[PDB]
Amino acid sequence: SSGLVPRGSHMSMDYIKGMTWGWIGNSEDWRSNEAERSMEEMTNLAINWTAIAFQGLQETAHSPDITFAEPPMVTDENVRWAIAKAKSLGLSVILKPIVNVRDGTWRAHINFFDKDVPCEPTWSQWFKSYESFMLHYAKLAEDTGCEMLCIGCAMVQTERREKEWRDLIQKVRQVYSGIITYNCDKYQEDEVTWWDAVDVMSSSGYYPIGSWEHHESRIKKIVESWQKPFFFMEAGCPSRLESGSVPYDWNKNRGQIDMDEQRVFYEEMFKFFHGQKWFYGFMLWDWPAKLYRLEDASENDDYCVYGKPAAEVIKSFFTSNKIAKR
């Protein structure tokens, strides 16, 4: 394994100044002329990384089959395009294949019985399907020279399957030679028992306004106990009334615009998580393939910071000397 620095062959670890691009991963959106303009515009955040994020799908939280690279999901060609375009813009890339559930159930609920029973689908079946999905993209990440692969995102009810996760990572190592991360959910940084199996620890930093100092203290101790580099694989807040109290809640107060609430979230997050030597930055959430007009920004309720005060907080943080030296 390795400690604070991934082994040289997989590359100190780079400080991540990033923005997530492409969610939810719709072929028609990625293939549009608008996609190229969106990605170009995103570079004005002064980012040096992007997470190319897109979905795979399973019917229910308890079904074993995962479908990917089928309409309306992204084609391998769309993926190669996004990676290459990002690189052409001078960005390092984190490939982020994410399994969603067709019935709308949050992926964190994906789960099977601890004990295999004849009358139900098993962990073995699901992990075989998830391995097919993640190895497909791991091979794509290798072929396209992606600097990092995120092998999962907030798969809370799967994390206890340590043997299966280690087995999957071993297979990933065989086809992908870059940096591996797993993105645990918010509040779960101390719950993953197999952090030693990945190069870099990562979590979703959707911590509420007024809690960042507390979370810095908590996370710092967890990271120090693992001796691994750590960064936020997701961090953001919608521009809506009271969203800073629940930054992860994408359904909170839809259409109730509050630019200032998003701005305050970003100022507090960067106040407590900045240039500490154990911390390796931010993959922000998020930026769409089809971006709204700058003139509609003041009435937009999304996580996107484009044309909003938060974008300026991000830009000044990512161009500031303390962060630019990292």
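Sequential numbering from 1, following the sequence displayed.
Participant: Does the deposited sequence hold unmodelled residues between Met11 and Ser12, and if so, how many: none, 1 to 3, 4 to 9, or 10 or more?
Facilitator: Per the record, 10 or more deposited residues are absent between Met11 and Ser12.
Participant: Is the mean CA B factor in the deposited entry higher across 308 to 316 or across 12 to 20?
Facilitator: Comparing 308 to 316 with 12 to 20, the higher mean C-alpha B-factor belongs to 12 to 20.
Participant: Mean C-alpha B factor from the entry: is it higher for 216 to 224 or for 144 to 152?
Facilitator: Here the higher of the two C-alpha B-factor means belongs to 216 to 224.
Participant: Compare the CA B factors listed in the entry for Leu45, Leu284, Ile257, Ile52 and report the winner.
Facilitator: So the option with the highest C-alpha B-factor is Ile257.
Participant: Between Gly236, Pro229, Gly178, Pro118, which carries the biggest CA temperature factor in the record?
Facilitator: Top of the list by C-alpha B-factor: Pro118.
Participant: Which third of the chain holds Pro72 when residues are ordered by C-alpha B factor: lowest, middle or highest?
Facilitator: It falls in the top third of the chain.
Participant: Mind checking which third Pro97 falls in for C-alpha B-factor across the chain?
Facilitator: Its C-alpha B-factor, which the entry lists for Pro97, ranks in the lowest third among residues of this chain.
Participant: Using the B-factors in the PDB entry, rank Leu241's C-alpha atom against the chain and give the third, lowest, middle or highest.
Facilitator: Top third by C-alpha B-factor.
Participant: Considering every modelled residue of the chain and its Cα B-factor in the PDB entry, is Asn253 in the lowest, middle or highest third?
Facilitator: Ranked within chain, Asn253 CA B lands in the highest tercile.
Participant: So where's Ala297 on the chain's Cα temperature factor ranking, which third?
Facilitator: Top third by C-alpha B-factor.
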